[PDB]
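Here is how the chains run, residue by residue.
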Amino acid sequence: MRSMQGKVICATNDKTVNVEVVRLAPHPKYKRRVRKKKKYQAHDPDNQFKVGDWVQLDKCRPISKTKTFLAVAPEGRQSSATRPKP
Amino acid sequence: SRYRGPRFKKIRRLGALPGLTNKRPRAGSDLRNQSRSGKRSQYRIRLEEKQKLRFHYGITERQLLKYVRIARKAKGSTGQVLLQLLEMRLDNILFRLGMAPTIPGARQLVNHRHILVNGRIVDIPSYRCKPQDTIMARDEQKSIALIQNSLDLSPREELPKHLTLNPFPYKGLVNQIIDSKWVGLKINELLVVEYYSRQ
Amino acid sequence: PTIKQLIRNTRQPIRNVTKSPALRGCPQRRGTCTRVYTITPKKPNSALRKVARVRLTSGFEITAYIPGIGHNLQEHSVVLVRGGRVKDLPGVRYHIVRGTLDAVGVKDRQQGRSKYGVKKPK
Amino acid sequence: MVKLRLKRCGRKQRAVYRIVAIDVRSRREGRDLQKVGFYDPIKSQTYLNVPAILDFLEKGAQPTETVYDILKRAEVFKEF
Amino acid sequence: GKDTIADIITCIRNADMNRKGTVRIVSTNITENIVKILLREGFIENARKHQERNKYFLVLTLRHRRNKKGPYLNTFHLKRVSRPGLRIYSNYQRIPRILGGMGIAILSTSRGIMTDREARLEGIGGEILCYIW
RNA sequence: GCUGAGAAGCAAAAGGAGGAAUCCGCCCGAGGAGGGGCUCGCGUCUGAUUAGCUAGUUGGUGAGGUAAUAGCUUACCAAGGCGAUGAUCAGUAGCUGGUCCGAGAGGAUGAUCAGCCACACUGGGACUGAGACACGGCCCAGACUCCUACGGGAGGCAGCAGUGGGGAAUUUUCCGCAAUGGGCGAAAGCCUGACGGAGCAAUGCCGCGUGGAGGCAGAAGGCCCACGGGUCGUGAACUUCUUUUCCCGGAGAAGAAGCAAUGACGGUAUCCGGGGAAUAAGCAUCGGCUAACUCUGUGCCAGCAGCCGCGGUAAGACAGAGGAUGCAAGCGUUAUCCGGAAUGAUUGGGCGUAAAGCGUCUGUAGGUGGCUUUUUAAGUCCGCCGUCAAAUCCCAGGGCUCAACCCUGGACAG
RNA sequence: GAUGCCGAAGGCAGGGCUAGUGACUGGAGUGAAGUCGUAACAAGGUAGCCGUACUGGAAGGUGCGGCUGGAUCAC
Ligand SMILES: [Mg+2]
Ligand SMILES: [Mg+2]
Ligand SMILES: [Mg+2]
Ligand SMILES: [Mg+2]
Ligand SMILES: [Mg+2]
Ligand SMILES: [Mg+2]
Ligand SMILES: [Mg+2]
Ligand SMILES: [Mg+2]
Ligand SMILES: [Mg+2]
Ligand SMILES: [Mg+2]
Ligand SMILES: [Mg+2]
Ligand SMILES: [Mg+2]
Ligand SMILES: [Mg+2]
Ligand SMILES: [Mg+2]
Ligand SMILES: [Mg+2]
Ligand SMILES: [Mg+2]
Ligand SMILES: [Mg+2]
Ligand SMILES: [Mg+2]
Ligand SMILES: [Mg+2]
Ligand SMILES: [Mg+2]
Ligand SMILES: [Mg+2]
Ligand SMILES: [Mg+2]
Ligand SMILES: [Mg+2]
Ligand SMILES: [Mg+2]
Ligand SMILES: [Mg+2]
Ligand SMILES: [Mg+2]
Ligand SMILES: [Mg+2]
Ligand SMILES: [Mg+2]
Ligand SMILES: [Mg+2]
Ligand SMILES: [Mg+2]
Ligand SMILES: [Mg+2]
Ligand SMILES: [Mg+2]
Ligand SMILES: [Mg+2]
Ligand SMILES: [Mg+2]
Ligand SMILES: [Mg+2]
Ligand SMILES: [Mg+2]
Ligand SMILES: [Mg+2]
Ligand SMILES: [Mg+2]
Ligand SMILES: [Mg+2]
Ligand SMILES: [Mg+2]
Ligand SMILES: [Mg+2]
Ligand SMILES: [Mg+2]
Ligand SMILES: [Mg+2]
Ligand SMILES: [Mg+2]
Ligand SMILES: [Mg+2]
Ligand SMILES: [Mg+2]
Ligand SMILES: [Mg+2]
Ligand SMILES: [Mg+2]
Ligand SMILES: [Mg+2]
Ligand SMILES: [Mg+2]
Ligand SMILES: [Mg+2]
Ligand SMILES: [Mg+2]
Ligand SMILES: [Mg+2]
Ligand SMILES: [Mg+2]
Ligand SMILES: [Mg+2]
Ligand SMILES: [Mg+2]
Ligand SMILES: [Mg+2]
Ligand SMILES: [Mg+2]
Ligand SMILES: [Mg+2]
Ligand SMILES: [Mg+2]
Ligand SMILES: [Mg+2]
Ligand SMILES: [Mg+2]
Ligand SMILES: [Mg+2]
Ligand SMILES: [Mg+2]
Ligand SMILES: [Mg+2]
Ligand SMILES: [Mg+2]
Ligand SMILES: [Mg+2]
Ligand SMILES: [Mg+2]
Ligand SMILES: [Mg+2]
Ligand SMILES: [Mg+2]
Ligand SMILES: [Mg+2]
Ligand SMILES: [Mg+2]
């Protein structure tokens, strides 16, 4: 399906990262949307990603008792690069 | 499961009920004690309406209820659909065709296997009749004799336009579905529908 | 009131509390009478009411009302109790079904007989 | 293996079968992969949807005697 | 001014209940469009724009008193729906209709703002701004 | 084919039928479908008078292990992981299609029927095998029952019946493999307490009956009565018609599938004849809510009651009688759940005096947040596809004489 | 056959949680009628109430602050 985009809370460990993914859900009864946040152990060979990074999160085989997810380069995001002003 | 009790009696309290009795009530002779309940609670008016219906067709309550559920289901005006359903009963059609004296009579007639609907014997009163249907007497001496005498000796020619009757073999024919104006009684179905809001 | 506050689970129901805890989700229970005696009703209803104490199978001891007119019940009799409340007598939440087990039917009652456990007269 | 057989529906004394493609180890009325035929003795009603039948006979579904001979009467074994 | 839409609505409701024909409201793409629509439905007499100190004001003339101010059979109701707390959306087959259609429902959709009528013609759902009686 | 960079190294078989043709098998690969194993998003009860929990624990390497990925194991290295959006701990609970209720939104529940999980006297092991950590297999320990010639053995109904016991309460130690489904067999066939059927029970839902028509307006009797009469009551008695049901005789299926044969149900369902109104109505209530009223007996007694409350001499509320009313082969009482209850409120309430604004501020998380243009497209919207098993609910036909029930087809929701 | 590792009951020991029970004791609730008093509701016979401290058989009393949900008079 669609992969999950998030930001990194912890880089400290080797070949891994700890991502936080925020999603909104329409709470079952009261029809307002809510932010629920979940954390993941993402496998990141090469340790390219630092803390604060905004990374896309992908699915693969189990690497550990926790990490199922491949850390993957940010998928599509709006350029924080300045644009013309006509 | 049938009302075998005193009839005249129910008639005094309800109103005029064709499917029950042809004998017009006694003067009523209650003019001595002059006993009334005062007037009737709105509830009692509703109740007496339903009872009118129920005893005219010889239906039990638990049955009437299920007719009413079938009614609320049906897409259409509820009281009307109900009155349709009640008026399509085999025994009642057997009655309104003059093939019977009254509804307990017609009912008995059906029970004893004296009637045919499209060349097949139906012995149950509540069999629902559908358009283009043949109402015949079984070909035996008894069946024919019954139908003949009760048909001929009763003069009423009121046949309500959806009902055909044909002379020697005595083929009755159900032509179509009842019209609200052709209904078999004076009843505001509105009151009955209302009574049944709580089921 | 505030949406954000309801989303913290601010609406919780009050559960249904039974009027007859001693039965434990049953139509009847059987018990043995520990005692059979009279009590006076809360004023202004004056009379003498026939109540027994019954020790049940579910282990409880309760005080059950005995209906009708007169009775044969005495201690170490095995009766059948059912629910329902006598608004007169404080604490009495249970009746005793007549005509079953050790309670006989009321003698000579002609009307509403099924409520008292009496045969039809021939 | 996959079997094409009858599952028994309807009521007491009046019995009506569906013809179904189902794994041989599920119960007689248990869950299945595909519903295919319809059968009935008393109304002498019988008919089948053949594209499915053939697509299962092709992947190696084995029929049961009764069914076998139903497919026979309807000439599905010739096309095969 | 946490909600701008609700506020416009309110200024109307208030000026209406007090039997004044004239209201000052603060303009915006939303405001302007809503008022346009209000005019083409016919709930309001006339609109116009004003400007001072880089502020825009739509003044609204309002339907005259009903055959006196004391004896009023009719008022002109307004109700916010989707509001910052809970946003209400509807597909095509849930699109609201008001008092059998006597009143109107405003919708913001992909094709811009409209009434429920337009939404039904074009087959679109969207965010329900408010109802009007 | 498998190991391996390679060099190389290493691995298989089974015959039985038939006179022969040929058949069923056997070994090694490579596919298919079905059946299992794993991994992850989402959804999946109450408790803060449960606040910190976790050290193979969270990750890294090396060696092992598994059918396969994995702290699955082990050694070393690192210090993580989870947690006030409720971790851990305690308490309850099999879950889901569904069922019941609700105008809807949603509440309560998870019998039968169908899917999945888990378990097999209480705990732990493995073995065999494609598949088990195996209900009617093995081993051990324990608890319990039996047999024993005393040295030793045997066993596991939460399989179908059945017995004790607990309990308000839940059935025959039945017939049959004829149908469908399984197992093995070349087939003939054998075995199937799955299943197909019967029996018992108003437990429930649905159908039918207990008569139909006529019946002086005269008589017996009950009850009321200002003694005039009223009412039970066209009700019965009475006269005719009819026979579903009952009784006594006859014939007698489909269900069986393409060679005939083969039916537990069963001589049952149905059909033809002969009698004969003949064989068949009870139960609640009658003070208000709530449809239906009077009289005799009692006297704060005996008793009734869902709530208000009735009952101290004329009780429409007690008990009896007559009468009426409601339902009807059922009618009531109790238990359980939802409703009504807008009484836990999103739709749908409140907080000056009725229950309810912290004593007042500052402020962290969290929620909401002015206007204009552009971008993006996460929500949002529209189209198309996959799926949300069948059964159930809903619509449209069809079959059992009707209905309940069964069968075919199709679909909104979400 | 023996032996190592892991190992279920079994043993001991201290924990946490909960179940039952216990001399006696503290208060709560309902009991027409008993005792003592009469605190509250009228300016309730000393205005009442809130917090708090001290005392009193008991309702209470007084102090210190606050409020009117205080009557009388002031308008
Ligand atoms: Mg019935
Ligand atoms: Mg009666
Ligand atoms: Mg019949
Ligand atoms: Mg209702
Ligand atoms: Mg309730
Ligand atoms: Mg045939
Ligand atoms: Mg939606
Ligand atoms: Mg070799
Ligand atoms: Mg041979
Ligand atoms: Mg040979
Ligand atoms: Mg649940
Ligand atoms: Mg280690
Ligand atoms: Mg459990
Ligand atoms: Mg409701
Ligand atoms: Mg069970
Ligand atoms: Mg099952
Ligand atoms: Mg056991
Ligand atoms: Mg093996
Ligand atoms: Mg297992
Ligand atoms: Mg086994
Ligand atoms: Mg066993
Ligand atoms: Mg058993
Ligand atoms: Mg027993
Ligand atoms: Mg017992
Ligand atoms: Mg047998
Ligand atoms: Mg067989
Ligand atoms: Mg077979
Ligand atoms: Mg075979
Ligand atoms: Mg069976
Ligand atoms: Mg019987
Ligand atoms: Mg029955
Ligand atoms: Mg029976
Ligand atoms: Mg019973
Ligand atoms: Mg039973
Ligand atoms: Mg008669
Ligand atoms: Mg005859
Ligand atoms: Mg044959
Ligand atoms: Mg006959
Ligand atoms: Mg009344
Ligand atoms: Mg009574
Ligand atoms: Mg009740
Ligand atoms: Mg008196
Ligand atoms: Mg006297
Ligand atoms: Mg008297
Ligand atoms: Mg008198
Ligand atoms: Mg009485
Ligand atoms: Mg009586
Ligand atoms: Mg509610
Ligand atoms: Mg609200
Ligand atoms: Mg309120
Ligand atoms: Mg107050
Ligand atoms: Mg207050
Ligand atoms: Mg304040
Ligand atoms: Mg404070
Ligand atoms: Mg602040
Ligand atoms: Mg902030
Ligand atoms: Mg913001
Ligand atoms: Mg804005
Ligand atoms: Mg389905
Ligand atoms: Mg239909
Ligand atoms: Mg039909
Ligand atoms: Mg279907
Ligand atoms: Mg869909
Ligand atoms: Mg005391
Ligand atoms: Mg006393
Ligand atoms: Mg005083
Ligand atoms: Mg004083
Ligand atoms: Mg005072
Ligand atoms: Mg002093
Ligand atoms: Mg002093
Ligand atoms: Mg003072
Ligand atoms: Mg102050």
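Here is what the cut-offs are and how they apply
- Residues numbered from 1 in each chain as written, not as in the entry; some residues may be left out.
- Chains lettered and ligands numbered in written order.
- Part of a larger assembly, values for the part shown.
- Heavy atoms only, no water.
- Contact = heavy atoms within 4.5 Å.
- Buried area = accessible area lost by both parts, 1.4 Å probe.
- Salt bridge = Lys/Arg side-chain N within 4 Å of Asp/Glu carboxyl O.
- Polar contact = N/O pair within 3.5 Å; in protein donor to acceptor, adjacent residues only side chain to side chain.
- Domains from an automatic or database assignment.
- Helix = DSSP H or I, 4+ residues; strand = E, 2+ residues; numbered from the N terminus.
- Axes fitted to C-alpha atoms, helices over the stretch in contact; angles between N-to-C directions.
- Parallel < 35°, antiparallel > 145°, perpendicular 65-115°, else oblique.
- Left-handed = near helix turned anticlockwise from the far one by under 90°.
- Nonpolar A, V, L, I, M, F, W, Y, C, P; charged D, E, K, R; others polar.
- Buried < 20%, exposed > 50% of the residue type's maximum accessible area, 1.4 Å probe, protein only.
- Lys, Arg positive; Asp, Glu negative; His and termini not counted.
- Near = heavy atom within 4 Å.

In the PDB header, cryo-EM is given as the technique by which the entry was determined, and 3.6 Å as its resolution.

1. Considerations on the interface of chain A and chain C
Across the boundary between the two partners, chain A contributes four residues, which contact five residues of chain C. Buried surface at the junction of chain A and chain C, summed over both partners, amounts to about 420 Å²; 74% is from carbon and sulfur atoms. It is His 27, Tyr 30 and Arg 32 of chain A in chain A that bury the most area against chain C; as a group they hold 91% of the surface buried on that side. In this structure, the connection of chain A to chain C is made through zero salt bridges. Summed over the shared surface of chain A and chain C, the number is zero residue pairs in polar contact.

2. Points about the domain arrangement of chain B
Residue and element names in this part refer to chain B. Splitting chain B by domain gives domain 1 (1–86 + 184–199) and domain 2 (87–183). One C-alpha centre belongs to domain 1, the other to domain 2, and the line joining them spans 23 Å. Facing the 20 residues of domain 1 at the interface are 19 residues of domain 2. Taken together, the two surfaces of domain 1 and domain 2 that pack against each other cover about 1500 Å², and 48% of this comes from carbon and sulfur. For domain 1, the biggest contributors to the area lost against domain 2 are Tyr 57, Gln 84 and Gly 184; these three give 29% of the whole. Applying the counting criterion to the domain 1 and domain 2 interface returns zero salt bridges. For the pair domain 1 and domain 2, the interface holds 13 residue pairs in polar contact. Those elements that place two or more of their residues in the side of domain 1 that touches domain 2 are α2 (42–57), α3 (61–73) and α4 (78–87). It is α4 that contributes the most residues to the side of domain 1 that touches domain 2, five residues altogether.

3. A few points about the packing of helix α1 (residues 7–14) of chain B against α2 of chain B
All names here are of chain B. Running from amino to carboxyl end, α1 crosses α2 at an angle of 140 degrees, the nearest separation of the two axes being 10 Å. In terms of their interaxial angle, α1 and α2 are classed as oblique. Handedness of the α1/α2 crossing: left-handed. For the pair α1 and α2, the contacting residues are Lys 10, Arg 13 and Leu 14 in the first and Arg 44, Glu 48, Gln 51, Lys 52 and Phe 55 in the second. Here the contact of α1 with α2 is built from residues that sort into two nonpolar, one polar and five charged.

4. Quick look at the side chain of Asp 133 of chain B
Residue and element names in this part refer to chain B. Within the element layout of this structure, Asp 133 appears in strand β2 (residues 133–137). An unpaired buried charge is present at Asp 133: no salt bridge exists, and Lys 130, the closest side chain of opposite charge, is 5.4 Å distant. A polar contact is formed between the side chain of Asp 133 and the side chain of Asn 118, at a distance of 2.4 Å. Here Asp 133 is in contact with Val 117, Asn 118, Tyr 127, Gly 172, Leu 173 and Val 174, once residues within four sequence places are set aside.

5. Examining the protein's contact with RNA strand F
The full set close to RNA strand F counts 179 residues, and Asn 13, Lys 15, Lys 38 and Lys 67 of chain A together with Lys 9 of chain B are the nearest of them. Sugar and phosphate atoms form 81% of the subset of RNA strand F atoms that lie within 4 Å of the protein. In the model, a phosphate oxygen of RNA strand F is placed 2.7 Å from a nitrogen or oxygen of the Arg 2 of chain A side chain. In this structure, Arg 49 of chain C approaches RNA strand F through a side-chain N or O atom, which is 3.3 Å from a base nitrogen. It is strand β1 (residues 2–11) of chain D that contributes the most residues to the surface near RNA strand F, nine residues altogether. In the surface near RNA strand F, the residues fall into 46 nonpolar, 57 polar and 76 charged.

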